[PDB]
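There are 4 protein chains.
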Amino acid sequence: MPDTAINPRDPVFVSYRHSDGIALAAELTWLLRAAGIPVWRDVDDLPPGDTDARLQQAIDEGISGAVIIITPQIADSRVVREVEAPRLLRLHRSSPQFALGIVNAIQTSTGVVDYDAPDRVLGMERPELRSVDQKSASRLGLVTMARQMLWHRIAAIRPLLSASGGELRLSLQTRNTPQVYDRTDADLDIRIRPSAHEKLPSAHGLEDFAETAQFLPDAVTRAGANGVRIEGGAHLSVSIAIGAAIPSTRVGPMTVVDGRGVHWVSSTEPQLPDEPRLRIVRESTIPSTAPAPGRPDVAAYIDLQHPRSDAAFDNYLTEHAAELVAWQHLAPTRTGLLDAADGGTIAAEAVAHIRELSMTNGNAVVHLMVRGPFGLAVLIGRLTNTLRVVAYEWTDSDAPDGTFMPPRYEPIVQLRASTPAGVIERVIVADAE
Amino acid sequence: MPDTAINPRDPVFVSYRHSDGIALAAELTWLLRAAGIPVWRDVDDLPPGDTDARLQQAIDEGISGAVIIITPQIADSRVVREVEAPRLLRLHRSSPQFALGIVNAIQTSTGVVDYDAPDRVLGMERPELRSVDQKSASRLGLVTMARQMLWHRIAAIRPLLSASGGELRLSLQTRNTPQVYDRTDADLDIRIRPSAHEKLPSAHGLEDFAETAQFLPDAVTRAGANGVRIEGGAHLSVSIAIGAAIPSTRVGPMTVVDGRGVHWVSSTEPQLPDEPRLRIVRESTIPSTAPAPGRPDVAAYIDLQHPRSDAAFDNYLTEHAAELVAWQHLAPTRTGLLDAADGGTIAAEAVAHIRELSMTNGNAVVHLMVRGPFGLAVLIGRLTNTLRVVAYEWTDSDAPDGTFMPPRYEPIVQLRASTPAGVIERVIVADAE
Amino acid sequence: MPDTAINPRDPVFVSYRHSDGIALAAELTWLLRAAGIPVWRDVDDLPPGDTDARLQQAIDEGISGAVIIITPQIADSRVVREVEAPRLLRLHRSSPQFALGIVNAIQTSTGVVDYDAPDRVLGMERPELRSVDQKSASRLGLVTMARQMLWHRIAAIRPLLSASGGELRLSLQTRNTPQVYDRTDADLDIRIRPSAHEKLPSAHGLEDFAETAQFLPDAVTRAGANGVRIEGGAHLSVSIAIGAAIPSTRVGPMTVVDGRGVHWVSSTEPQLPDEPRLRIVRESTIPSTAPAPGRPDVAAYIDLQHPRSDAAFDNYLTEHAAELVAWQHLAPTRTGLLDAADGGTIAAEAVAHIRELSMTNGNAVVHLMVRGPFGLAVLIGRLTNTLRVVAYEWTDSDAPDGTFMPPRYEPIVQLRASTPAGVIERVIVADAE
Amino acid sequence: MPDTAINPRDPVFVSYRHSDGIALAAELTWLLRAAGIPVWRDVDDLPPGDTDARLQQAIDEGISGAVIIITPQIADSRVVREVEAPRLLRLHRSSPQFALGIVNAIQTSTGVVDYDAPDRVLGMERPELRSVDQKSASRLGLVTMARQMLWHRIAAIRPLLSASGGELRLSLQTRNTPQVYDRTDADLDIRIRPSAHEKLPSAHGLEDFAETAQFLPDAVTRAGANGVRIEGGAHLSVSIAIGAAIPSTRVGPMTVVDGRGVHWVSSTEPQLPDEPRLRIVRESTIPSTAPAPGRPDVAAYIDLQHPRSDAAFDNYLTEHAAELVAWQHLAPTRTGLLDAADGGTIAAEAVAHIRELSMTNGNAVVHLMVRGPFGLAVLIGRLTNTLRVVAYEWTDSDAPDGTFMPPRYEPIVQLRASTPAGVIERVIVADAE
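Residue numbers (the authors' numbering), protein chains in the order written: chain D, 1 to 433; chain C, 1 to 433; chain B, 1 to 433; chain A, 1 to 433.
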């Protein structure tokens, strides 16, 4: 019921019902997942039929925090009344480490949030919910509630992090479907919706990761970790995004582990190494008759794997050579896959090259393309701070209408590592729908 | 009687009442963060759950100090008189080295500080609130009480530093969003408020750091440490500002950790070393009829990155070429990243050229543009004891209205280093907010 | 038995209430700090908490000496009568190594200090407070009681130095604020009030140091130290002043330590060294045509930091070339920071050059004008006994009116080493505020 | 009581009271300090505290000798009667090697010194003070008391000097303030009053030094020490005085160390060295018709500092050239300071030149004038056994009227070494200073 029931790295339960409930709960769960939460949802995973016993067992299995949604349908709904609310409230009142989150959606007549609204909808004989801190069912309010919940989880794990060498562990995948057990032995578990475009990440998911990315630096600095560890490795653009979220400029040498269990460590900041592992395969030369009307643009491409797929990059250049000031394509000079030990130095060389292009060519925004291991993608996205970065993703997929296109690079996000208001400045990617 | 009250490196509590206290509490917590005091406030950090219960566990966890904002609305305070304040009073009565700070907004009709008002509104039958120290409700008063709180924290940590370490660990950060657990295993933890422009320190937070820059050297001299240690990173203008606040003239050897786990040592005052690891890429020799009457302007550009970013500095120069007497560009001779071992001598070399350019040109203010790592910049601010610095940071960000503006250097602080009034003499940055 | 009372390095408590108390004790605190005794003051240092309990704790932690200021308002005030006076008198009765100072501002028709009055005014029925010595609440008597406190401190310390190698330790600063834990492991702590004029010290501070200037040589001779060690980093003019206060004639091998924690040792008495380490960059030649009547004037400027700043020296010359018989400019021959033992040697060389300037112009007062490290300034101040020194402070700061004042030197202090009346013959600077 | 009161180095107590006692106390205190013993006086050196318990502590900690000054007002005072007098008599009775001298301002109606007065006025029951030695309250009686007491101190210190490598150590510092802890690890501690003219030796202090100057050669003889050492350093005129107070024939080897901790050793009776360390710089032939009317006058100038003032000496030459018969100026051959090893040889050469002046011209007094380290001045005074010397001291100070007079030497003292009347025949300086 106390410590035996509460575990800092445990999933978070969400309670809801009906159309407004399902809509707000899906938004809340996706945003919270983008914040790095482990979450438990009924539509996520349940053996149907006697759902009451399964819900009770899942709650008893250890729930780090709770989320409560307030709608009149909640008052009408049976499950929220008795199946889980007594358990959640009991675990709240008994265990301090446990957290209870309540979100109000009915709103008052005037339009202010009602603090005592949960009391009538949940029907508790003793209120204790008005005294509970409550956030409105607005996108800013919802992301603020995710703020508080993620920071609570960081607070809970903080003694363990101080014990475990101060190494904060993150798990990131956009491909993995929603799953409660998707949580690993990791402090934060960032998951983003897999899109129907089968290679692009979801536009809604990247909007949510934009809203929640500002907490990632805050989550890390709350963790009190001298180092940051990332396991998994999402799509290349999302990897650049999570790198920009936690730059080595701010805190920590980042060691990234891929799904293939390879350790990508951090060795240094942007640098041209003594022996260059990368080379300048292709560059651009152009005189500008009208240089930089508005913002200048620099697009660059990185190859970290020996097979060369320049055809799509050539198509991108043919489409957009006029806009970009200069483009550079890099490849590994050494034969064989990039060494795990020297991964940080390879990332340093790549980011140093992109820094050279951007800074010399007018401090222009970088249309970055990374083709390499997800850990290295995170590493380069990590080292870039002063560069405004726009990440592109590989797409060999058909058209949204289902027709053939040439291998095309498409934009995902516009990144800046130093933005307090989220490293994802804009989700430029079009929606799958 | 908890021992955690004795623990000095614990956050300081603030208690304020709704609207009447929101402004005073916000200003007080901002000055506390700027002074280096870790603080827990209602807006930043309520872990989800019961507000009264969460405050209870947060206070029981351990607070070195506590401050109460006396406002007329406390008479109707739902949480203060019930749980928030009685725990504070119990801790105050419990242990000697615990801080209870009183800020009173309920001014007497005469206009003097009202000693009896906090006791009356707090509702405590004991008149101990009259005998406790109490400061007025104004920016100067809030700054003075934050002075007292900082002095109490430093005094509590002083025997620990005298017995072991001999190094005062000041951690300053700008883009860390205000939060209680951002405090690290350090003595004093400086934080500023992040704002929208994503590269300029917030004008309000910068003014707070200006007020507390009177106090930070006092923090050092009260800690009694042989030297000063910094762990973390901040806006590079704030880095120059803290360097001015902690000049080499006062503080021993100063070891600065940039958040990467690598620490920059301080070696030697402004000198041109036997080997010039830093060269002058561009030097200014242009004759004007006379130097501009009034304060002469000097613009020194010191970029420590081999990736050259000349666009923004050239734009600033063309903007101010007529006004400034002379300009100097300093970039490292060696292509590799600068080593931590000689970082102190490198910063000494940079400040030596800055002083050459300033004193040779009529002993003028130096418009400092820095691209170096955090430790090098804070050392550069450290060694500029008599030279006058105005720090600039780069903005690829568009104008506040959204219209593009080319890469620009914009002034943040006007530093007259090592000043009793304050090392940030004027907050020259104009942020619309 | 309280081992804190027998600890001589502990601060000194001053008790004072109301307007007369604040004025008299503020003057007394400035005199005590200028003398070297660390002091604890009400207004400047109250850690936030119950003021009565805070004074209890402050008295408990350690008090080498105590001072009570007596006015009728002292009899009126409850705290001065009750919270601290019983503790002070009890510790005075109990422990031998404790000094209690009683200064009376109440004068009967006779006008002599009222020996009996403090016992009744303080609220103590015992006439013991009459037996203690007393002095008038004027500048002269207050300075006398300050010298008595300093002499008691040195008397208590003397066996400790006699055991600890006979090295008297001082820590002296001009721009740390009124502080209690300012005390390092230093016998005397000379702190001069900073007053809102940046590089310029306070006229009140220098005057108060002047009143206690004669005590410093007396402090050294009472300490029975083979040589004096000074930590610190005061201003350059105050540095010359303090050096002249403890001249090379009276103390012997002196190791002055700056804020950097590097030892500037005393090697040799003024001489022209075998290798000239100072070069006469700019010298004035003129016959004695219309000099200053009676007393000729000479200015010697020494800039030991290689960055040459002759603009303000040029302004000083243009202002005062007429009365000045000659001026000599001293700079180091080789570029860099000058070594410690090299520091003693260059101090000897600089004083030799200044002596040559004074005698060649007819044994004249020297407008000594130093731009160098604190230890060197203290050493040149120390070696100049026969010579008379006028010390400046390098205004590079704008005037309070806002009008631009070119970099200029202010005639702050007139110095004459070995003067029994006071090494600060007259404070030349106007009031800071 | 242990032998801790038998130690001779620790000071001697003097007791006075009220108005008639203060003048005798001042004269006796100054005359003992000129004699060479450290003396403790009430108004001089009482640490802050209750005067009764402070006298308790001062007497109990260590006291070699005592003085009870008998005045008509001693009966009225309470403190003298039972606070320190019975304790001093207790120590006198218990410890044999303790000195208690009695001076009587009470005069018998007949006119002889009153032996029986101290017993009744002091309050003692039994006849005690009649048996102990009694001396009148007059300059001759006071100096006779110093005779007896210094001789007792020397008798006590005789075995210690004989055992510990016989060498009689003296400490001399004219410019130091009245002090009781001024004593060093020295047999005698000669002090003179500080003068308000800020450069001149004090008129009253030098008068007392003249009165007690008979004692010092006798003190050296009675100490039974082959070598005599002077410490602390005093005025160069007083340095010549202290040197001539111990002529060459009466001293043997003399190792003089100033406050600088550099040893000046005595080498030979005045001789001209084979290699002249100090050379003639300007020798003058002065033809004065009818030379030596009565007795002739000679002046000599020995500046041992490489910087040559020469201006005040030129003023002396202009003022007194007519009556003067022959004058000589000696400046060192080697550039810089005078080396420690050859100090005795340099002094011998200088005195050889001085004696050449004082003999070749005729039987004449030399007006000796020194710019040299304390040890060489003392040695020069030592070697002036036969020739009669007048010591000069320079003044750059403004005249007491306030108007300026160019650098000047004033006639301070005329010396004739080894005389029984006193080495200080006259204090030529006025007594107004």
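Even for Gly, the Cβ is constructed at its ideal location relative to N, Cα and C.
*Kindly indicate which three-state DSSP category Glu323 of chain B falls into: helix, strand or coil?*
The residue labelled residue 323 of chain B in the question sits at position 323 within the third sequence. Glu323 of chain B: coil per DSSP, three-state reduction.
*Does the stretch 163-181 of chain D come close enough to the stretch 132-145 of chain D that 3 or more CB-CB pairs lie under 8 Å?*
Because the criterion of three Cβ pairs below 8 Å is not met, the stretch 132-145 of chain D and the stretch 163-181 of chain D do not touch.
*asked:* I need the boundaries of the alpha helix (DSSP H) containing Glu128 of chain C, first residue and last residue.
replied: Residue 128 of chain C sits at position 128 when you count from the first residue of the second sequence. In the DSSP assignment, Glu128 of chain C falls within the alpha helix (DSSP H) that extends over 128-131.
*Just checking, does the stretch 151-162 of chain D make contact with the stretch 216-227 of chain D on the three C-beta pairs under 8 Å criterion?*
yes
_With three or more beta-carbon pairs closer than 8 Å as the criterion, would you say the stretch 355-368 of chain D touches the stretch 390-404 of chain D?_
yes
_Rounded C-alpha distance that separates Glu128 of chain D from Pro11 of chain D_ = One-based indexing of the first sequence puts residue 128 of chain D at position 128. One-based indexing of the first sequence puts residue 11 of chain D at position 11. Taking the straight line from one Cα to the other gives about 24 Å.
_Cα-Cα separation, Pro296 of chain A to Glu283 of chain A_ = Sequence index remark: in the fourth sequence, residue 296 of chain A carries index 296 (1-based). Sequence index remark: in the fourth sequence, residue 283 of chain A carries index 283 (1-based). Using only the alpha carbons, I get a separation of about 18 Å.
*The beta strand (DSSP E) spanning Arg382 of chain D covers which residue range?*
Translated into positions along the first sequence, residue 382 of chain D becomes position 382. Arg382 of chain D -> not in any beta strand (DSSP E); alpha helix (DSSP H) instead, spanning 374-383.
*asked:* Taking 6 Å as the limit between beta carbons, can you name the residues of its chain near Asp303 of chain C, skipping five residues before and five after?
replied: As a position in the second sequence, residue 303 of chain C is number 303, starting the count at 1. Only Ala331, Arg371 meet the Cβ criterion.
*asked:* On the DSSP letters alone, give me the boundaries of the alpha helix (DSSP H) that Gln73 of chain B sits inside.
replied: Locating residue 73 of chain B in the third sequence gives position 73, counting from the first residue. Taken as a continuous stretch (DSSP letters only), the alpha helix (DSSP H) holding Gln73 of chain B covers 72-76.
*Hey, could you find the ends of the beta strand (DSSP E) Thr255 of chain D is sitting in?*
Along the first sequence, read from residue 1 onward, the residue named residue 255 of chain D stands at position 255. From DSSP, the beta strand (DSSP E) with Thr255 of chain D extends over 254-258.
*asked:* Under 9 Å, Cβ to Cβ, is there at least one residue of chain C near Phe209 of chain B?
replied: Here residue 209 of chain B refers to the residue found at position 209 when the third sequence is read from its first residue. Judged by the 9 Å Cβ criterion, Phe209 of chain B is not in contact with chain C.
_I want to verify the contact list: residues of chain C whose CB lies under 9 Å from the CB of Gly224 of chain D, in sequence order._
In the first sequence, the residue the question calls residue 224 of chain D occupies position 224. Per Cβ cutoff of 9 Å: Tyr181, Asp182, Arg183, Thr184, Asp185.
*Which residue comes first and which comes last in the alpha helix (DSSP H) that contains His367 of chain B?*
Within the third sequence, numbered from 1, the residue matching residue 367 of chain B stands at position 367. Looking at the DSSP string, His367 of chain B is not in any alpha helix (DSSP H); the run it does join, the beta strand (DSSP E), is 365-371.
*Flag this pair as yes or no: are the beta carbons of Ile70 of chain B and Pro118 of chain B separated by less than 9 Å?*
Residue numbering aside, residue 70 of chain B sits at position 70 when the third sequence is read from its first letter. Residue numbering aside, residue 118 of chain B sits at position 118 when the third sequence is read from its first letter. Their beta carbons are under 9 Å apart, which means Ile70 of chain B touches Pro118 of chain B by this criterion.
*Does DSSP put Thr177 of chain C in a helix, a strand or coil?*
Position 177 of the second sequence, counted from the start, is the residue given in the question as residue 177 of chain C. In the structure shown, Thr177 of chain C sits in coil (DSSP, three-state: anything other than H, G, I, E or B).
_CB contact below 9 Å: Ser138 of chain B versus chain A_ = For the purposes of this step, residue 138 of chain B is identified with residue 138 of the third sequence, where counting begins at 1. So no, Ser138 of chain B is outside the interface.
*Please go through the stretch 194-262 of chain A and give each complete alpha helix (DSSP H) segment of 4 or more residues, from N-terminal end onward.*
203-212, 215-223, 236-245
*Can you pull the DSSP bridge partners for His329 of chain D?*
Looking up residue 329 of chain D in the first sequence gives position 329. Answer by DSSP bridge pairing, in chain order: D:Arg282, D:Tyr301.
*If you run the structure through DSSP and keep just helix, strand and coil, what is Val67 of chain A?*
What you label residue 67 of chain A is simply residue 67 of the fourth sequence in a count that begins at 1. The answer is strand: DSSP assigns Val67 of chain A an E or B state.
*asked:* Looking at chain C, is there any beta carbon in it that lies within less than 9 Å of the beta carbon of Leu272 of chain D?
replied: Numbered from 1 along the first sequence, position 272 holds the residue referred to as residue 272 of chain D. Interface residue, yes.
*DSSP state of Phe98 of chain B mapped onto helix, strand, coil*: Numbered from 1 along the third sequence, position 98 holds the residue referred to as residue 98 of chain B. In this structure, DSSP gives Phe98 of chain B a state outside helix and strand, which the three-state scheme calls coil.
*Helix, strand or coil at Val43 of chain A [DSSP, three-state]*: For the purposes of this step, residue 43 of chain A is taken as residue 43 along the fourth sequence, with counting starting at 1. The answer is helix: DSSP assigns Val43 of chain A an H, G or I state.
*Bounding residues of the alpha helix (DSSP H) (the contiguous stretch that carries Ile346 of chain B)*: On the third sequence, position 346 is the one that residue 346 of chain B refers to. Where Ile346 of chain B is concerned, the enclosing alpha helix (DSSP H) stretches over 340-360.
_What are the residues in the stretch 33-49 of chain C lying within 8 Å of chain D by C-beta distance?_
The residues in question are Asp45, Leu46, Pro47, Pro48, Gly49.
_I need the straight-line Cα distance from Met359 of chain A to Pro201 of chain A, nearest angstrom please._
Your numbering for residue 359 of chain A matches position 359 in the fourth sequence. Your numbering for residue 201 of chain A matches position 201 in the fourth sequence. Rounded to whole angstroms, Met359 of chain A to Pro201 of chain A spans 29 Å at the Cα level.
_Assuming contact is defined by CB atoms lying nearer than 9 Å, are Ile240 of chain D and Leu216 of chain D in contact in what I supplied?_
For this step, residue 240 of chain D is matched to residue 240 along the first sequence. For this step, residue 216 of chain D is matched to residue 216 along the first sequence. Contact: no.
*May I ask you to report which of helix, strand or coil DSSP gives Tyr115 of chain A?*
Walking along the fourth sequence from the start, residue 115 of chain A turns up at place 115. Correct three-state label for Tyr115 of chain A: coil.
*Would you kindly work out how many angstroms separate the C-alpha atoms of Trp30 of chain A and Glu425 of chain B, rounded to a whole number?*
Position 30 of the fourth sequence, counted from the start, is the residue given in the question as residue 30 of chain A. Position 425 of the third sequence, counted from the start, is the residue given in the question as residue 425 of chain B. If you draw a straight line from the Cα of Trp30 of chain A to the Cα of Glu425 of chain B, it comes to about 26 Å.
*Should the stretch 243-259 of chain A be regarded as contacting the stretch 417-433 of chain A, the criterion being three or more beta carbon pairs within less than 8 Å?*
yes
*Indicate the three-state DSSP secondary structure (helix, strand or coil) for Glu275 of chain A in the structure shown.*
Your numbering for residue 275 of chain A matches position 275 in the fourth sequence. Three-state DSSP puts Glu275 of chain A in coil, outside helix and strand.
*Check the Cβ of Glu198 of chain B against every Cβ in chain C and list those closer than 9 Å, keeping chain order.*
Position 198 of the third sequence, counted from the first residue, corresponds to residue 198 of chain B. Ordered by position in chain C, the residues that pass the 9 Å Cβ test against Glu198 of chain B are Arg416, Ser418, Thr419, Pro420, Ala421, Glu425.
*Listed from N- to C-terminal order along the chain, which residues in the stretch 324-337 of chain B have their beta-carbon within a distance smaller than 7 Å of any beta-carbon of chain C?*
Contact annotation: in the stretch 324-337 of chain B, residues whose CB is within less than 7 Å of a CB in chain C are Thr335, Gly336, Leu337.
*Okay, do the stretch 253-260 of chain B and the stretch 270-289 of chain B touch, 3+ Cβ pairs below 8 Å being the bar?*
no
_Terminal residues of the alpha helix (DSSP H) in which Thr29 of chain B lies_ = For the purposes of this step, residue 29 of chain B is taken as residue 29 along the third sequence, with counting starting at 1. Residues 18-35.
_Bounding residues of the beta strand (DSSP E) (the contiguous stretch that carries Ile412 of chain D)_ = The residue you call residue 412 of chain D lines up with position 412 of the first sequence. Counting along the chain, the beta strand (DSSP E) containing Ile412 of chain D begins and ends at 408-415.
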